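Chains as they are written, first to last, in this note's numbering: chain A, 62 to 158; chain B, 317 to 478; chain C, 317 to 478; chain D, 317 to 478; chain E, 228 to 287; chain F, 51 to 222; chain G, 51 to 222; chain H, 51 to 222.
In this text, a Cβ means the ideal position worked out from N, Cα and C, and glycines have one as well.
Working notes, beginning with the structure itself.
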Amino acid sequence: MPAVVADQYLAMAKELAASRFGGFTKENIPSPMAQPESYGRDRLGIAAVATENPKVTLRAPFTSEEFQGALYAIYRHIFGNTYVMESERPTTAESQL
Amino acid sequence: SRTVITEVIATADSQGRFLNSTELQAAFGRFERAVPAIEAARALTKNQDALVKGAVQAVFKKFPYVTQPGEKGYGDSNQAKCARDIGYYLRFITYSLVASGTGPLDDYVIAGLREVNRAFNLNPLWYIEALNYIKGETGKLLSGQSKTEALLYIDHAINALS
Amino acid sequence: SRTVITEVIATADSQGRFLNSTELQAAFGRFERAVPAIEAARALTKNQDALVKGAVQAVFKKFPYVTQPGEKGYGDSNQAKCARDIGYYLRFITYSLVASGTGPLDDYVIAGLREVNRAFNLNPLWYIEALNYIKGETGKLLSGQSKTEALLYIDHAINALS
Amino acid sequence: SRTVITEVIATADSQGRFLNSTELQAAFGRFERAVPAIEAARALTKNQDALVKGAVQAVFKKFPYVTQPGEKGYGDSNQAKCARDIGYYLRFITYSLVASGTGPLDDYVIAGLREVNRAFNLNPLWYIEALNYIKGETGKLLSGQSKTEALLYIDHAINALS
Amino acid sequence: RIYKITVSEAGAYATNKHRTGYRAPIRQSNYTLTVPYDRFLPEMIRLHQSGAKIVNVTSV
Amino acid sequence: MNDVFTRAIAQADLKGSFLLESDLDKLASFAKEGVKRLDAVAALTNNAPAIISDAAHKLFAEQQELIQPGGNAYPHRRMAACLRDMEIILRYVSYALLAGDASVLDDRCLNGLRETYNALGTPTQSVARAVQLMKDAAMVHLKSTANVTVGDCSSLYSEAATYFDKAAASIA
Amino acid sequence: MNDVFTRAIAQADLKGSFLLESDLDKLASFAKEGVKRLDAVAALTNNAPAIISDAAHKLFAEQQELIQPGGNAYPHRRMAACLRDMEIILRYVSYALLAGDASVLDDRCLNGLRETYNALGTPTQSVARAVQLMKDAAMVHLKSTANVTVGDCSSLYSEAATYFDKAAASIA
Amino acid sequence: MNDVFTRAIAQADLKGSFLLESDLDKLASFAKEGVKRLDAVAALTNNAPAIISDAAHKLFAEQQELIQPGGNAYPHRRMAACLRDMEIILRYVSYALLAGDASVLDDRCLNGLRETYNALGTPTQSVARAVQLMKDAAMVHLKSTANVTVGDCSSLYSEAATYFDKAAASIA
Ligand SMILES: CCC1=C(C)/C(=C/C2=NC(=C\c3[nH]c(/C=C4\NC(=O)[C@H](C)[C@H]4CC)c(C)c3CCC(=O)O)/C(CCC(=O)O)=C2C)NC1=O
Ligand SMILES: CCC1=C(C)/C(=C/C2=NC(=C\c3[nH]c(/C=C4\NC(=O)[C@H](C)[C@H]4CC)c(C)c3CCC(=O)O)/C(CCC(=O)O)=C2C)NC1=O
Ligand SMILES: CCC1=C(C)/C(=C/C2=NC(=C\c3[nH]c(/C=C4\NC(=O)[C@H](C)[C@H]4CC)c(C)c3CCC(=O)O)/C(CCC(=O)O)=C2C)NC1=O
Ligand SMILES: CCC1=C(C)/C(=C/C2=NC(=C\c3[nH]c(/C=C4\NC(=O)[C@H](C)[C@H]4CC)c(C)c3CCC(=O)O)/C(CCC(=O)O)=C2C)NC1=O
Ligand SMILES: CCC1=C(C)/C(=C/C2=NC(=C\c3[nH]c(/C=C4\NC(=O)[C@H](C)[C@H]4CC)c(C)c3CCC(=O)O)/C(CCC(=O)O)=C2C)NC1=O
Ligand SMILES: CCC1=C(C)/C(=C/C2=NC(=C\c3[nH]c(/C=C4\NC(=O)[C@H](C)[C@H]4CC)c(C)c3CCC(=O)O)/C(CCC(=O)O)=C2C)NC1=O
Ligand SMILES: CCC1=C(C)/C(=C/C2=NC(=C\c3[nH]c(/C=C4\NC(=O)[C@H](C)[C@H]4CC)c(C)c3CCC(=O)O)/C(CCC(=O)O)=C2C)NC1=O
Ligand SMILES: CCC1=C(C)/C(=C/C2=NC(=C\c3[nH]c(/C=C4\NC(=O)[C@H](C)[C@H]4CC)c(C)c3CCC(=O)O)/C(CCC(=O)O)=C2C)NC1=O
Ligand SMILES: CCC1=C(C)/C(=C/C2=NC(=C\c3[nH]c(/C=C4\NC(=O)[C@H](C)[C@H]4CC)c(C)c3CCC(=O)O)/C(CCC(=O)O)=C2C)NC1=O
């Protein structure tokens, strides 16, 4: 029997079905609701504050970078997201910290 | 997801600072690792079907009681779900290899895994055995650096199952 | 100090988790980049005298008023202070190169730099011109990716001053 | 331990006032039908050994593969450890009965149960089956509200294992 | 006045942490909390409620 | 959060006089049936894993788009979230059943729940369906006459039905 | 927040599919141009003070009404917030340039920026002008052949331009 | 924290002198063996549950006092604490192996562990024995030449032994 389709299209079909486990079955179809795992936090814009930014923890001994990053996170949370100027920065409180 | 580039960017951002030399060297390391990781992803994608069917048979061999009726692995639907699950695991391992991070595995598999396993009484030893077969086979499908990358991610999944 | 290994350990530790693929990829990138970095450290260590002398002379060329009576560059004690400070900057730059990270420059120079310079009325632009001279001379001293490593560290110092 | 008397006092101290009507007579609610609980504890204590042996046999019947060589069930030592674990559960059920509170269960069994079973690869379904057997046997050994009391505590442990 | 309270968490605290859980990272047993006079009583009441045992209390 | 007694007391206070003899008869009858009420709350508490496993299995049988790639229960994270929500809503229904009032359920559980699901992209109709299935399994367990003295408890079954139906209606 | 790799992974996951051969080829091409990407990111990072300085100089030369009494950059506090905003936008542009995806901008940098500027009464056209001037100043440092290997980095130029245009278009 | 590079830098900073040629040579050698170090760290990490399981099984075979009622690890919560402590000490040993300096282990954890174990009533000898058994278990995985290029890594074995033994000395 002569070929019914060109080999390029057979290759395309084979490699489309190769990227599925089981190829194309009724049981293994993608969900019509095409939601990624990060759909909700991405559409809400809360991905950064809810999952991505780590919880900043500071213990009794620490290096310089740990201290400075802790201070940045603290000022960006406690003072809202408002710009705190250098004249407003509390020095004695962080010396005690 | 939590990959090298994304960790770099997020750690720098939460500290309100640009990307420094260390962060760029991490990115450079990721870009160098891309070659063996993507070649391993190619190898595991190409051989996905024999891998998954052999893994299901390995599970049934180490856990013979499962196929008997009245328990989890009896029936075509249950075994089809088994193959689907191991296909999911392999898929997300390939995603991790491509992304050069445990991000896809953590977001899509590791998070909430234990609660789901308890809810449906799916024994983690099943999946550990399937991943062990995948490990043995990728020992024979890959070599050198790609082998090490694939093994890293497979062991990550196994360690997070146990 | 903030190094690649340091960031690896800190990030993996704060989350209470063992090291994994992304973290070891960053460490691998650091160990790979080490060779140009130590090359550059050796090159800068051999030429510290000429580099510091030229940097001081470049600062005096760019800000002639500094040397006039009543200003900061008048007196041999102040000239020695200048050369001493530029030697400190160069030494910490080589430390950053060796550690493969801006940790040494951050801890020993950048932290407290603004208030110290404000207190003693030290102009940052002086140090920026000195570091620009050193940056220019690394090109005639270094070639390849070592030049790039040295330049990122020197530009980090310059940005910290600017 | 989270006893109802304990919760009386804890709520009092948290709200920082004396023991009021609700709280004293909630303690009275305990003091009323403690007698069925004490009788259930006594009945469990006398028939403890037959209960433990029967529960071990029920575990072996529902999970026959376990007894086979190469896994947890094999070995007289593991048989004995099974008996000891079922004895522990029964003892803490009796403690919760006499205390009229689940606190002995939640601190001697439930707290840290999942991590321990995961680290020692102990299937919670074994203990669930043993507890179900003990539930069936307390159904026939115990009558009246006493039985009800016992059953709840047993079921509490079951709900902890799932 | 200022009061330094050296508290060493004990098994009564360990059981509470085993039930409730670590929403915050695990820390060492003994440490000192520096409080004013005004906060002193609520601080002591809270440490008692959590099960923590005070090693001692000093004034300054 | 108020129970049947506090509901009666609030209604009496609004008009501003004592609880009538009919009200006190109602409340005394409630307290007399409170033993059966405790049995019902125990039935819901001991069988929560069974009820929620059954409901989840039925729900992902009827609605397969939830558990397949792209679905809102696809990865383990969202599947665990789904089962967790089932646990929570069953918990608040049992609370309300013990209280004899649905104020705890409405006030603490279902008040911003539709808004949450709408913001997250969660099918509120699927959640309502899950609550209905979970009601059916719960009603199977409530009616169980083993281990418990036999007697009429139709009022309790109807009341638990209203609590689940109110949860479903509030979500959807 | 995604890079190019996690974006491809999310697409393949929505399909339920392993990544295709061609997808892996495009990803390996992205990772092979990675060193040029790193040099571009370092050019943005290292010259940021110069970029913000000359952008601000041009902007306050063009729009003098911003620095007049009653303008929006008049007191030092408003001028300082202006320079902080320019600094932040440049930082997130460099983040996006390293990631290869503009997801960081809309996830983080522009998440509520327009609402912020409308609440504050900031002229968003001036912020668009500032971002455009920062693009102009950045392109000089990106194209700088000095002290890096000579090659074609025009795709990186286009990508940085698109990121700057995205920030400007979201603000205005 | 501190690494071997940072240690050398700190020492050279105390004398106020550049890094001498010999120090540069030693650090370059360390960076050369850093690949083998990464392999050793991955060997410890990838088998952490197996190391903990084998060590705990061997220990509770040795010492039945802890398991039996009244022992320091009798209930499930104290067993879980035991396993978590062994987990943490393995994690810190692996961190120190990656760094090459035990600072990561010495400052955060070991300084307070003596006081914690003394207050809680744990037998420090048993904890030290657990760490030693853990070292013996992890040595087997560090020896394994399967899946890794065969070479000489006795320096890594010696350094890991140093970490484990001096951790135990901190507990012991
Ligand atoms: C996600 C990263 C991020 C961004 C982007 C950000 C922008 C930002 N800019 C702000 C204020 C501001 N932003 C500006 C800048 C504008 N006004 C001038 O006309 C210029 C044309 C223009 C800048 C080029 C000014 C002047 C203010 C102060 C407004 C005021 O105090 O009245 C504020 C309010 C903070 C406060 O005042 O306490 C935010 C949140 N914040 C962030 O955390
Ligand atoms: C909700 C809190 C609460 C209250 C208010 C309370 C009162 C109370 N006390 C009782 C018996 C009693 N109560 C007392 C105590 C008194 N004897 C002496 O005169 C002393 C003044 C005092 C000892 C401190 C005694 C001796 C009995 C009888 C003992 C028995 O029941 O056999 C009874 C049982 C009588 C009945 O119901 O038919 C009640 C209800 N019980 C409670 O649980
Ligand atoms: C006081 C609360 C408490 C409980 C409940 C408890 C259970 C318990 N049983 C254990 C051993 C064991 N337990 C079993 C139980 C199995 N044997 C088979 O016949 C059955 C299918 C099954 C029992 C139903 C086995 C096989 C072991 C030895 C294997 C191992 O170490 O994991 C272990 C590991 C350490 C040891 O005890 O030696 C624990 C923690 N331990 C406690 O301190
Ligand atoms: C994204 C990653 C992901 C994974 C991995 C995943 C696994 C997974 N498999 C499931 C079903 C299942 N999976 C299995 C697997 C078993 N079949 C037996 O032949 C084997 C011994 C064994 C596998 C090795 C079985 C039996 C079920 C049916 C359990 C039931 O009755 O609900 C379920 C319950 C939902 C459903 O009914 O489909 C989940 C969540 N889900 C996910 O979203
Ligand atoms: C630990 C908390 C607690 C429980 C569990 C409890 C159960 C309880 N159920 C009782 C009777 C009863 N229990 C029920 C309830 C059943 N009728 C139908 O079978 C239904 C399936 C089911 C309830 C929906 C009925 C109808 C009675 C008989 C009426 C009565 O004596 O109050 C009694 C009275 C003694 C007896 O007649 O046996 C108790 C104490 N009491 C408590 O304080
Ligand atoms: C309400 C409080 C307030 C103050 C104080 C203020 C000062 C101020 N002066 C500026 C410009 C300037 N100001 C000077 C002042 C210099 N000219 C020389 O004759 C002197 C040696 C020296 C002054 C003693 C110069 C040279 C510039 C231009 C700097 C530049 O464009 O880079 C700028 C930058 C923006 C602009 O171009 O206008 C500010 C913010 N602005 C304010 O809103
Ligand atoms: C520490 C952080 C770090 C950086 C910064 C880094 C940059 C870096 N740039 C490189 C070359 C290069 N750099 C550039 C970029 C420049 N070419 C010019 O035309 C443009 C103005 C400009 C951007 C388009 C180009 C085009 C190459 C050569 C392409 C290639 O290496 O394959 C190389 C390879 C050198 C070689 O193999 O010959 C590296 C490693 N690597 C790092 O680990
Ligand atoms: C920085 C790292 C770090 C360490 C090292 C650490 C040790 C530590 N171990 C603890 C408890 C414990 N640790 C153990 C373990 C011992 N019991 C014996 O059987 C074993 C041989 C041995 C384990 C090797 C036990 C049993 C407890 C519980 C003590 C009790 O409840 O009485 C506690 C009390 C806090 C709690 O249990 O929630 C701490 C702080 N904490 C930390 O944050
Ligand atoms: C992402 C994390 C990562 C890993 C895991 C990694 C492993 C790694 N192992 C290697 C070979 C090697 N691996 C080892 C270590 C083994 N040899 C002995 O059998 C020991 C038992 C054992 C150490 C525990 C050794 C000694 C070499 C030879 C490299 C050399 O010293 O020349 C190499 C260099 C060979 C090449 O790529 O050309 C790498 C990069 N690289 C990475 O970037």
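query, result
"Excluding the five sequence neighbours on either side, which residues of its own chain have a C-beta within less than 7 Å of the C-beta of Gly121(F), listed in chain order?", "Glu115"
"Which word fits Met136(G), buried or exposed, when buried means at least 16 other C-beta atoms lie within 10 angstroms of its C-beta?", "buried"
"Would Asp202(H) be called buried (16 or more neighbouring beta carbons within 10 Å of its own) or exposed?", "exposed"
"Near ligand 9, which residues have their beta-carbon less than 7 Å from any of its heavy atoms, given in chain order?", "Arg349(B), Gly460(B), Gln461(B), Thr464(B), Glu465(B), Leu468(B), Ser337(C), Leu340(C), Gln341(C), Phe344(C), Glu83(H), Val85(H), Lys86(H), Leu88(H), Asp89(H), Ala90(H), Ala92(H), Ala93(H), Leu192(H), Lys193(H), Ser194(H), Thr195(H), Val198(H), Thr199(H), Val200(H), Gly201(H), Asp202(H), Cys203(H) and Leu206(H)"
"Taking only beta-carbon positions, decide if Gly162(F) is within less than 9 Å of chain A.", "no"
"Is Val91(H) close to chain B, meaning its C-beta is less than 9 Å from at least one C-beta of that chain?", "no"
"Classify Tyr258(E) as helix, strand or coil using the three-state DSSP reduction.", "strand"
"Given a threshold of 16 other Cβ atoms within 10 Å of its Cβ, counted over all protein chains shown, does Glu355(C) qualify as buried or as exposed?", "buried"
"Taking the alpha helix (DSSP H) that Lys369(D) falls in, what are its first and last residues?", "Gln364 to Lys378"
"If we define contact as Cβ-Cβ less than 9 Å, is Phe68(G) a contact residue for chain A?", "yes"
"Is it buried or exposed for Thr95(H), if we count other Cβ within 10 angstroms and need 16 for buried?", "buried"
"Tell me whether the beta-carbon of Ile101(H) lies closer than 9 Å to the beta-carbon of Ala210(H).", "no"
"If you compare alpha carbons, which of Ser220(F), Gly66(F) and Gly150(F) is closest to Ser79(F)?", "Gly150(F)"
"Quick check: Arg358(C) and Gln341(B), are their CB atoms within less than 9 Å of each other?", "no"
"With DSSP collapsed to three states, give me the class of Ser277(E).", "coil"
"So what's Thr199(G) in DSSP terms, helix, strand or just coil?", "coil"
"With 8 Å as the limit, tell me which residues of the stretch 435-467 of chain C have their beta carbon closer than that to any beta carbon of chain G; keep them in chain order.", "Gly455, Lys463, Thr464 and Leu467"
"List the residues of chain D whose Cβ lies closer than 8 Å to the Cβ of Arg273(E), in chain order.", "Result: empty, since nearest Cβ-Cβ is about 11 Å, beyond 8 Å."
"Is the beta carbon of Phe347(D) within less than 8 Å of some heavy atom of ligand 2?", "yes"
"Within the 9 Å Cβ cut-off, does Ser125(A) reach chain C?", "yes"
"Going along the chain, which residues of its own chain have a beta-carbon closer than 6 Å to the beta-carbon of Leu274(E), five neighbours each way excluded?", "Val234"
"For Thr454(D), which residues of its own chain have a beta-carbon under 6 Å away from its beta-carbon, when the five flanking residues on both sides are left out?", "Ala466"
"Check whether the stretch 419-428 of chain D and the stretch 231-246 of chain E touch, using three or more Cβ-Cβ pairs below 8 Å as the test.", "yes"
"Assuming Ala415(D) and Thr319(D) are in contact, meaning their beta carbons sit under 8 Å apart, how far apart are those beta carbons, in whole angstroms?", "5 Å"
"Grab me the residues of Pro420(D)'s own chain with a C-beta within less than 7 Å of its C-beta, minus the 5 sequence neighbours each way, in chain order.", "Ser317, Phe408, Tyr411 and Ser412"
"Are the C-beta of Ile402(B) and some C-beta of chain F separated by less than 9 Å?", "no"
"At 4 residues or longer, what runs of the alpha helix (DSSP H) sit wholly inside the stretch 119-206 of chain H?", "126-149, 161-170 and 174-193"
"Return yes when the C-beta of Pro99(G) is under 8 Å from any heavy atom of ligand 6, and no when it is not.", "no"
"Under a CB-based cut-off of 9 Å, is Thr242(E) close to chain H?", "yes"
"Just the Cα atoms here: how many angstroms apart are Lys108(F) and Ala353(D)?", "38 Å"
"Considering only the beta carbon of each residue, do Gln118(F) and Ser176(F) sit closer than 9 Å?", "no"
"Beta carbon of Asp329(D), beta carbon of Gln276(E): below 9 Å?", "yes"
"Where does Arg127(F) land, buried or exposed, given buried means 16+ other C-beta within 10 angstroms?", "buried"
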